[PDB]
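Just so it is clear, none of the values below were taken in a lab; they were calculated from the coordinates. For neighbour counting, all protein chains shown are included, and Cβ atoms are generated from backbone atoms with ideal geometry for every residue, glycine included.
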Amino acid sequence: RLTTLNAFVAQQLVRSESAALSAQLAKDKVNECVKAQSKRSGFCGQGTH
Amino acid sequence: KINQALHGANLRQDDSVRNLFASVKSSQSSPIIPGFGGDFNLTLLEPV
Ligand SMILES: *[C@@H]1O[C@H](CO)[C@@H](O[C@@H]2O[C@H](CO)[C@@H](O[C@@H]3O[C@H](CO)[C@@H](O)[C@H](O)[C@@H]3O)[C@H](O)[C@H]2NC(C)=O)[C@H](O)[C@H]1NC(C)=O
């Protein structure tokens, strides 16, 4: 049980840092190609966004 | 369970690779011709 919970804490740390990096990426979209018409074709909108 | 998990991982990584194949595909392009670039010796880039 304690080994299972240790692995659970490990994957929770994994998903926590993944969610943190994903939040950084998400604010990168909302500051990059959402509030502005950037030239990131296919990065967030496919074709000429 | 780990077999269907790795099957799922393989299928989604194949999904990602043909997303980037759709990304790299142009709407229009030109066929590559030998002697391209004029004097530019790009023959290593030539796919023959
Ligand atoms: C553009 O670059 C390529 C590669 O850098 C050149 O490829 C050349 O291809 C010829 C044909 O096989 C090679 O010639 C050989 O030369 C040896 C002596 O060097 C000779 O004994 C062989 O019978 C054969 O003729 C040549 O080595 C090769 N060059 C290199 C650097 O690999 C190509 O010629 C270049 N084109 C232009 C317009 O500069």
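Label points 7 Å out from Cα along the Cβ direction at A:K29 and B:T43: separation in nm?
The modelled label-to-label distance comes out at 4.7 nm.
Given the C-alpha atoms of chain B, compute the convex hull and give its volume per residue in Å³.
Roughly 109 Å³ of hull volume per residue.
In straight Cα distance, which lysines are under 22 Å from A:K29, not counting same-chain residues fewer than 8 positions off?
Filter leaves A:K39.
For the residue pair B:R12 and A:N6, what label-to-label distance in nm results when each label sits 7 Å from Cα along the Cα-to-beta-carbon direction?
Rounded to a tenth, the inter-label distance reads 2.7 nm.
Would you please give the FRET efficiency between A:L21 and B:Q28, computed as 1/(1 + (r/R0)^6) with r the Cβ-Cβ distance and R0 = 35 Å, to the nearest 0.05?
The pair A:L21/B:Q28 has a calculated efficiency of 0.45.
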